[PDB]
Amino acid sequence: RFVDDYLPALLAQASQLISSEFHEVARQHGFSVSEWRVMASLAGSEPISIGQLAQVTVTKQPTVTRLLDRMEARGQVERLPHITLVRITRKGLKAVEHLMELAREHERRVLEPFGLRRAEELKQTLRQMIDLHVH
């Protein structure tokens, strides 16, 4: 059966199942999916361009720009001129840091049955595939 062993279907299914688990936690802490992705990807980061943020959050750039409008109004991010750069503020970092700890715990739980070797292999393969296909 094709779908059972077709890589893009496996990636899409695994991604949605794991993400859906953590999105429940994120919402219980006041975060939408997009807010979580933006703050977690900016935490501990130099300012990056709106285009880089859209890439790493897997979000269309027009959508990211409207999201940053409201996140900047809430004091959680700041846009700055170099192209437009964006950074997390201290308020945003304090808003997200506990949730990031919870995300690490959940990821640990997802990966523990597989063992350190298989978990690192998976992450390295995914990183290599991303770097080969990103524009």
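Each residue number is its position in the shown sequence, starting from 1.
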Mind giving me a quick count class for deposited residues absent from the model between residue 82 and residue 83? Options are none, 1 to 3, 4 to 9, 10 or more. 4 to 9
Given 70-78 and 83-91, the range whose Cα B-factors average higher in the PDB entry: 83-91
Taking the deposited Cα B-factors and averaging over 96-104 and over 46-54, the higher mean is found in 46-54
Determine which member of 11, 126, 18, 116 has the highest CA B-factor, using the values in the deposited entry. 116
Lowest, middle or highest third: where is residue 132 by Cα B-factor in its chain? middle
